[PDB]
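Comments concern the structure below.
Cβ atoms come from the backbone with ideal geometry, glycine included; neighbour counts cover every protein chain shown. Please treat every number below as a calculation from the coordinates, not as lab data.
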Amino acid sequence: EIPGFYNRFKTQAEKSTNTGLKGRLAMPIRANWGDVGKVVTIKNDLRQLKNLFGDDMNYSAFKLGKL
Amino acid sequence: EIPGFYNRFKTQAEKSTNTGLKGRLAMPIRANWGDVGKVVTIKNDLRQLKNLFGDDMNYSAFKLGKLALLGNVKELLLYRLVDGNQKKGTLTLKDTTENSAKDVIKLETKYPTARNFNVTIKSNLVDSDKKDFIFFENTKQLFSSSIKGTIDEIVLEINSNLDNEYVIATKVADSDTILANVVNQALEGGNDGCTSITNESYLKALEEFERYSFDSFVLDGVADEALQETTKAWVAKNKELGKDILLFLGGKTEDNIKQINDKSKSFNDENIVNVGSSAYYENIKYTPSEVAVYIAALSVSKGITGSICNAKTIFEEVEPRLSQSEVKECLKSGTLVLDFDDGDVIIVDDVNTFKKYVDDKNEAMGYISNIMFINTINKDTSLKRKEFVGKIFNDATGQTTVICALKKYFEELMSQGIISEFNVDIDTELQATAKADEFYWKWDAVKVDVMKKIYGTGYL
Amino acid sequence: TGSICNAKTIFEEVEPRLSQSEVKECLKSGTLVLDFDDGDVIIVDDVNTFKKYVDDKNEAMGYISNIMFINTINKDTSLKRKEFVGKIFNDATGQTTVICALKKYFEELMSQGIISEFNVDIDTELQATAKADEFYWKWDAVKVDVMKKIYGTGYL
C-alpha cells in the first residue's frame with residue numbers, strides 16, 4: 001500500500017463469547033415453511049429456527065427444533 | 001539589540017479565559033449575506049455570525065448557526081451555498097457639473113446578496129462642495145460621511161471606514177466634479193442565495209469541505225434523500241481515506257415515526273445519526289434536521305468525558321411525542337428522538353442509526369460517544385503518523401519508542417479516567433508477517449461507562 | 001540515516017492533487033509526487049523512476065535511500081582504492097589488512113545502526129581465477145528499514 005498509518009479496528013467479538021454449547025445434530029423434518037431439498041445448519045438461537053422454518057407447533061420441524 | 005533594559009508587556013489574556021467550549025462542526029448554508037465559495041471558521045460568538053452572514057432567520061445560515069453556537073461548539077465552520085447566477089447588489093453615481101453627466105463612482109455590496117442596501121447623497125449644509133454620503137438598509141442607517149467634491153477622496157473615504165463595510169466604492173472616472181444627489185437608492189442587480197439551489201451546490205460544498213477536518217457534519221438542516229445518500233457515500237470515502245467524519249441527519253417533518261424508523265434502519269453505518277423529533281426554541285418550529293444541527297453541535301461540544309443521553313436541550317417544546325413503547329421502537333430502530341421527560345426538552349439516549357445491529361460492531365458502537373472516542377483515537381494516532389512514519393528505523397529501538405509514546409498517550413487517557421483498563425503491545429502475529437519497512441501493533445481498552453439506567457429497591 | 005517518504009516540505013500548496021488511486025498509479029510508474037496528507041505539503045514516498053521493475057534490481061533499489069546508501073558505499077570504497085591499490089603486496093597479509101579495514105568500516109556502519117546484519121569476506125570463487133596482481137572480495141549486508149506503512153487493530 002501507500003505509506004501511512006492505516007488503522008483497521010476489529011472489536012468484533014472482543015468478549016461477547018461463551019462456551020456453553022457443543023455438538024451437531026441431524027434432523028429430517030416436516031415443515032409448513034422454509035427451504036426445501038437442502039440440508040441447512042441452524043445456530044442455537046431459536047429465532048433462527050422460527051425465521052427459517054416458521055413457528056407452527058403442529059409440525060415436527062418447529063417442535064423438534066425447539067427440543 | 002543595543003544594550004539596555006527593554007520591557008515588552010504581555011497582559012494579553014492574563015485570566016480572560018474559560019474552558020466551556022470544544023469541538024468543530026461543518027455547515028453548508030444558504031445565506032442572504034456573507035462570503036461565497038469559501039469555508040470560513042466562526043468563533044462561538046454569535047456576533048461574528050451576525051456580522052459575517054447577516055441576521056436573517058428566513059435562511060438556513062443564521063438559524064442553523066445560532067443553533068450550533070448554542071450547541072457550544074468551539075469553532076463553527078460555514079460555507080455559503082449559491083447558484084451560479086447569485087450576484088452582488090450594485091449602484092452607480094454620476095456628476096452634475098457637466099451637462100453630459102458622466103458616471104464617476106460605483107457602489108457594490110461587499111458580499112453577494114439581494115437585500116435592499118440603500119444609499120443617500122445630499123448637499124453638505126456647511127461646506128459648499130461637500131456631499132453628505134449616507135448608507136442604509138431599508139432606510140435603517142448604517143453610516144454617514146461628508147467629503148469634498150473630488151472623486152478620489154470620496155471613494156477613498158467611503159472605502160476607508162469599516163462602518164461602511166457593507167459596501168465597496170470604486171472609481172469609474174477621474175473627475176473633480178460635483179456628484180449627483182441620491183436618496184435611499186438601493187444597490188440593485190444582486191441575487192439572494194436561495195435561488196435555484198440544488199444537489200450540485202451541496203456536492204460542490206462537500207468537495208470544498210474535503211480540505212478540512214471536522215468532528216461532525218449535519219448537511220444544512222435539509223432532509224433531501226439524494227443528498228443524504230450522497231453524503232453517506234462521501235463520509236464513507238472520507239473514513240476510508242483516514243478522515244473520521246461523523247454525520248448527523250434528520251428526517252422530513254412529513255415522515256411518520258414508522259417512516260423515520262425505516263430510514264434509521266436504512267442507515268446502518270456507525271457514523272450516521274438520524275433525528276426524528278421536531279422542536280421549538282423561540283416559539284418557532286425546527287424540522288428534525290434543523291434540530292439535528294443542534295444535537296450534532298452539542299455532541300461535538302461534549303467531546304470525550306461526556307455523552308448526550310440526558311443532556312438538557314434549549315428547546316421549549318418537542319413533537320411528535322412518544323410513549324415508552326414508541327421510544328423503545330425508535331431506539332431499536334437506531335433513531336435518536338428528543339423527549340419531554342421533565343418540564344424541559346431532554347435528549348432521550350446516545351443511540352445512532354447503526355444500533356439496529358448488535359454484535360460484531362459492538363453495542364457500544366451503537367452509542368455516539370463510543371464513536372467519538374474511536375474517531376478521536378484514530379485522529380490522534382493519524383497525528384502520530386507524521387512523528388513516526390519515515391523518521392525512525394524499524395529496529396527494536398524505534399518500535400519501543402513508538403510503543404512508549406502510545407503508552408504515554410493511553411496513560412494520559414487513563415489519568416483523565418476515560419479508560420478503566422488498557423494494554424497496548426506490538427502485534428507480533430502480524431509483525432512476523434510484516435514487511436521490513438512497516439510496523440504492526442495492537443491495543444485493548446475499556447472505555448468508562450455512564451449511568452443510562454438506574455434501579456432502586458426500598459425497605460421500610 | 002534518513003529518508004524522504006514523509007519529510008515535511010516548505011511548500012504552502014501542491015498541485016495537481018491525487019486520490020489514493022492516482023498516488024498508487026504514480027508510485028507504480030516510479031513517479032515521485034508531493035502530497036497534502038495534512039495542512040502542509042508532504043512528500044509521499046521514497047520512490048524513483050526505476051521502481052517500475054522489481055526483482056533483479058531489488059524493490060529496495062526502487063527507493064532513493066537505498067541508492068544513496070549504495071552510492072556512499074561505492075564512494076568510500078573508491079576512496080579506499082588509493083589507500084590499498086599499488087601499496088600492498090597481494091599476499092595473505094595484504095588481503096587480511098584490506099578485509100580488516102573494510103570490516104572496521106562496516107562495523108562503524110553497524111555502530112550507527114544503519115545496517116542490521118553484514119558479512120564481508122574474500123571472494124574465493126573469483127580469487128581462485130584472479131590474476132596475481134588483483135584482488136576480489138564479497139560482502140553481504142542488510143540496511144535497516146523505516147516505517148512507511150503502519151497498521152493498528154483495536155479491541156474494546
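Values as computed for the structure displayed
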{"read-out": "Least to most buried among B:194, C:100 (fewest other Cβ within 10 Å first)", "value": "C:100, B:194"}
{"read-out": "The range C:117-131 - phi-based ³J(HN,Hα) in whole Hz, Karplus 6.51/-1.76/1.60, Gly and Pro as x", "value": "7, 7, 8, 9, 8, 5, 8, 4, 4, 7, 5, 5, 7, 5, 5"}
{"read-out": "Computed FRET value (nearest 0.05) for residue A:66 with residue B:75, which takes r as the C-beta separation and R₀ as 45 Å", "value": "0.15"}
{"read-out": "Extension gain, residue B:153 back to residue B:240 (0.36 nm per residue minus Cα-Cα distance, nm)", "value": "25.7 nm"}
{"read-out": "Segments C:61-74, B:433-446 sorted - mean Cβ within 10 Å per residue, highest first", "value": "B:433-446, C:61-74"}
{"read-out": "Set B:263/B:361; A:43/A:63; B:50/B:237; B:232/B:379; A:15/B:239; A:15/B:435 screened for pairs whose C-alpha atoms are more than 22 Å apart", "value": "B:50/B:237; A:15/B:239; A:15/B:435"}
{"read-out": "Charge dipole magnitude, Cβ of K and R +1, D and E -1 - the protein assembly as shown, Cα centre, debye nearest 20", "value": "1420 debye"}
{"read-out": "FRET efficiency for residue B:141 and residue B:106, using Cβ-Cβ distance with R0 set to 22 Å, rounded to 0.05", "value": "0.55"}
{"read-out": "Computed P(r) (all Cα pairs; the range B:196-318; 10 Å bins; percent)", "value": "12, 43, 36, 9, 0"}
{"read-out": "Chain lengthening between residue B:212 and residue B:397 when straightened (0.36 nm per residue, less Cα-Cα)", "value": "63.1 nm"}
{"read-out": "Estimated inter-spin distance, residue C:14 and residue C:91, nm [label 7 Å along Cα→Cβ]", "value": "6.0 nm"}
{"read-out": "Average beta carbon contacts from partner chains per residue of B:379-390, 10 Å cutoff", "value": "6"}
{"read-out": "Ratio of the Cα radius of gyration of the range C:33-139 to 2.2 N^0.38 Å, where N counts its residues", "value": "1.44"}
{"read-out": "Bins of 10 Å from zero: percent of alpha-carbon pairs in the range B:100-196", "value": "16, 49, 28, 6, 1"}
{"read-out": "Distant-in-sequence amide H partners of residue B:167 (H built 1.01 Å from N, under 5 Å)", "value": "B:110"}
{"read-out": "The range B:365-460: mean projected area of Cα convex hull, nm²", "value": "8.9 nm²"}
{"read-out": "Under-5 Å amide H pairs with residue B:281, H placed in peptide plane, nonlocal only", "value": "B:316"}
{"read-out": "Among B:457, B:338, B:100 - extreme Cα towards positive end, dipole of chain B, charges at beta-carbon", "value": "B:457"}
{"read-out": "Average other protein chain Cβ within 10 Å of Cβ, residues A:10-19", "value": "5"}
{"read-out": "Packing rank of B:302-315, B:265-278, C:105-118, A:9-22, where each peptide gets the mean count of other beta carbons within 10 Å, highest leading", "value": "B:265-278, B:302-315, C:105-118, A:9-22"}
{"read-out": "For chain A, size of Cβ-based charge dipole, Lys and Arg +1, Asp and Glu -1, in debye", "value": "220 debye"}
{"read-out": "Over the protein assembly as shown: Rg over Rh, Cα atoms, Kirkwood Rh", "value": "1.11"}
{"read-out": "Convex hull of Cα atoms in chain A, direction-averaged projection (nm²)", "value": "8.0 nm²"}
{"read-out": "Residue mean of other protein chain beta carbons inside 10 Å, B:237-248", "value": "1"}
